[PDB]
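Beneath this line is the structure, given in structure tokens, with notes to follow.
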RNA sequence: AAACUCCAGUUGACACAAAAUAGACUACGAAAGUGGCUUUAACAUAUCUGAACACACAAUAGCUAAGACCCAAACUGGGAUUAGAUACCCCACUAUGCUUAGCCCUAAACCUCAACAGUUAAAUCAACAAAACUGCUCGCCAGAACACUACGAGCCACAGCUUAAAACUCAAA
RNA sequence: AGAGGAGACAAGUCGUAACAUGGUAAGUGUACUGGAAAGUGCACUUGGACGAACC
Ligand SMILES: [Mg+2]
Ligand SMILES: [Mg+2]
Ligand SMILES: [Mg+2]
Ligand SMILES: [Mg+2]
Ligand SMILES: [Mg+2]
Ligand SMILES: [Mg+2]
Ligand SMILES: [Mg+2]
Ligand SMILES: [Mg+2]
Ligand SMILES: [Mg+2]
Ligand SMILES: [Mg+2]
Ligand SMILES: [Mg+2]
Ligand SMILES: [Mg+2]
Ligand SMILES: [Mg+2]
Ligand SMILES: [Mg+2]
Ligand SMILES: [Mg+2]
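Residue numbers (the deposited numbering), protein chains in the order written: chain 2, 3 to 118; chain L, 66 to 232; chain E, 2 to 123; chain 3, 128 to 198; chain Q, 3 to 87.
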């Protein structure tokens, strides 16, 4: 962990400040939400193969059946994988813990930046 | 400056240093050392020349001598680096500090102060009472006032001759 | 002071390398340096191509010249090495053995900084 | 904090600079005239200095310098 | 002036070009080259660079401390031993 | 779209420009500033405060004179957008950024938190911010706006900088 | 006395510069430019933010 001694601008700190945070460097009792990953267009390569075969075969499906089937299978796999990814996000196995359970854990042991 | 063949301050007081090879003497000479060794030799020479106790370094005289050596080094540095504002500031501040030290020494011990001034060639000058801008108008008016005073002195001198002759 | 001239010479046959080393050490002595040792690091392929005196060098012979020279001779020796054609690259440093290594007790741990913000409730 | 005071000063300075740009010739003429009158006043003061001292003319070899001209 | 096919080179294993490119990108990311290129596309003025560096250092400190706390408390995620009381 | 196609890609030769990673370090300097490498010189004061009456510095911008010019880029020109677009977007190029010799002396020059010595005791403490204080000294402040203004004065500065008012007005700021 | 400036009066007109990421973050110095707020270059400031474990 990087040192904080003599970094912030404080009384008794002779040097000019190193860090100028816009928020206090105090741990919050919550973590950020499970940020979604912006979806990218999928099955582009199979679509390209199918379209190139269409261009070579004058958009005749009979000749291109194999590539068309490959593109369709890739599209179905992508849709089913999106559904499975939603299921996995609900499960939370990939991460060490879901943000909700982590927020509960931090609620159980809150930060104490004050005296009592 | 001390001759380049002069041994270093540390090595000049080791026994048998005169019986070593000339190469060894070269290595331990000021020739084969940086300028700060020469400054230390100069400081030692000045202490032996001036102060009553050459072994005392906390005395005001020792501080004045060391600051004088530093000032000389700064001037030598600035003669080559004339655009070194940091060392220009160091030289000016050291000059002011030496003036303060000389004022204190003069107030405390006058005979030793005279010895310091003579040995180090310091011409202690009292600061002027008023530090005010001498702009063009003020300089011109001061010059004219001095010239007018001189002319009035000439006229007053000449006024006496006619009165003396008439009487 | 004590200097170490790290020298990269053009990959040549033994007579030419000997002549170049002799010329360099003689120049050092003429400028006033007392040469203490000449250490050969061998001939090796350069880490990167060096263009010196309109010639691209891929291999070079590495030597070290430890010496004691007056401070004024370093600039003159740098100029002389710049003018030399047999020297791929020459750099004079202050001798690393001169700087004594201060003893280190160990890595002193840095405790987490405290009392950076007032303990008032937020 | 907000920048309302800074904005007021900013507008004042911008309008002043634009005013100076608009009238930069009349201002220059007035400044030249003021420098002329300033030199005249300085010369009159020096004349008063040598007149109060009893000298009927300027001290020998003295010519009042033009200390306010651009040259 | 350096030799070629030594720096930033990753050998492909049994035609697994996908994994080779992933490894190369991971190397560039860990060494920080990708972020350096992205930031060097347009000039970052020194004040902006200092502000970004300060923000990233504060973010690193906060993220490392939060990760440390999470790892420290993760053992307490176990089942409730005194359920019902 | 305009523009360039004496263009683009590889390879080789290739700088008076700028200094990845180190740097998760927090150092040097009075401040401004300083993060490629080597060497030389070098970083005042054996109490503290102290100059706006001086001396010396002071980012960037800018002026003057001679050079460098890869790249960037005010202005300008073109393309685009727009109701218009004197801008944002794209392209080209200049002053300029660089070197040397003088000037200019200004910054949200702010870490808006003065120097030195000391305390955490309490009666801690308007609010926020970066906890509350004590001794000593210097500098500054005294409703808003007029006003980084006018006049006067000083300056190598001539559309400038420093110091800097007053009148009319309001019950606020 | 022709004019400039400030304030009040407060209209109408041309835009929407600032206050939200004010729709190009705002501002300081400075230079150039523009019907006008203003725009741009260079350095600086946070009196902006960057969502604050990994993803
Ligand atoms: Mg106004
Ligand atoms: Mg003092
Ligand atoms: Mg300057
Ligand atoms: Mg140019
Ligand atoms: Mg260009
Ligand atoms: Mg442009
Ligand atoms: Mg350069
Ligand atoms: Mg600053
Ligand atoms: Mg101003
Ligand atoms: Mg003024
Ligand atoms: Mg005036
Ligand atoms: Mg707006
Ligand atoms: Mg805006
Ligand atoms: Mg701006
Ligand atoms: Mg413009």
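By construction, the Cβ of each residue, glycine as well, lies at the ideal position given by its N, Cα and C atoms.
Closest by C-alpha distance to residue 115 (chain 2), out of 4 (chain 2), 17 (chain 2), 31 (chain 2) and 66 (chain 2), is 31 (chain 2). Per DSSP, the beta bridge partners of residue 7 (chain E) are 65 (chain E) and 92 (chain E).
Between residue 119 (chain L) and residue 95 (chain L), the C-beta gap is not smaller than 9 Å, which leaves the two residues out of contact. A Cβ-Cβ separation of about 14 Å leaves residue 64 (chain E) out of contact with residue 37 (chain E) under the 8 Å criterion. Chain-ordered, the chain E residues with CB closer than 7 Å to the CB of residue 3 (chain Q) read 49 and 50.
In the same chain as residue 180 (chain 3), and ignoring 5 residues on each side of it, no C-beta atom comes closer than 6 Å to its own. Nearest neighbour of residue 158 (chain L) by Cα position, chosen from 76 (chain L), 139 (chain L) and 171 (chain L), turns out to be 139 (chain L). If you look at residue 23 (chain Q), you'll find it in the alpha helix (DSSP H) that goes 19-32.
Counting the other CB atoms within 10 Å of its CB gives residue 28 (chain 2) a total below 16, which places it among the exposed residues. Neighbours of residue 60 (chain Q) in chain 2, taken as residues whose beta carbon is under 7 Å from its own, are 21, 23 and 27 in chain order. Counting C-beta pairs closer than 8 Å gives three or more between the segment 159-173 of chain L and the segment 127-135 of chain L, which meets the contact rule. By the neighbour-count criterion, in which a residue is buried when 16 or more other Cβ atoms sit within 10 angstroms of its Cβ, residue 15 (chain E) is exposed.
At a cut-off of 9 Å between beta-carbon atoms, residue 63 (chain E) makes no contact with chain L. Scanning its chain for C-beta atoms nearer than 8 Å, with the 5 sequence neighbours on each side dropped, one finds around residue 95 (chain E) the residues 2, 3, 4 and 5, in chain order. Close to residue 111 (chain E), with beta-carbon spacing below 7 Å, are these residues of chain 2 in chain order: 5 and 7. Among the bridge pairs identified by DSSP, residue 41 (chain E) is matched with 64 (chain E). For residue 158 (chain L), the enclosing alpha helix (DSSP H) stretches over residues 150-173. Residue 86 (chain L) sits exposed, since fewer than 16 C-beta atoms from the chains shown fall within 10 Å of its C-beta. For residue 60 (chain Q), there are no CB contacts under 6 Å within the same chain when 5 residues up- and downstream are skipped. Bounds of the alpha helix (DSSP H) holding residue 102 (chain 2) are 101-110.
For residue 142 (chain L), the three-state secondary structure derived from DSSP is helix. Taking 9 Å as the cut-off, the beta carbon of residue 88 (chain E) is found no closer than this to the beta carbon of residue 23 (chain E).
A residue is called buried once 16 or more other Cβ atoms fall within 10 Å of its Cβ, and residue 8 (chain E) is buried on that count. In the same chain as residue 109 (chain L), and ignoring 5 residues on each side of it, the C-beta atoms closer than 8 Å to its own belong to 74 and 119, in chain order.
At a cut-off of 9 Å between C-beta atoms, residue 53 (chain Q) counts as an interface residue with respect to chain 2. Distance check between residue 118 (chain E) and each of 5 (chain 2), 4 (chain 2) and 10 (chain 2) places 10 (chain 2) closest, using alpha-carbon atoms only.
In the structure shown, the three-state DSSP call for residue 48 (chain E) is strand. Chain-order list of chain L residues neighbouring residue 181 (chain 3): 217 and 220, by C-beta distance under 8 Å.
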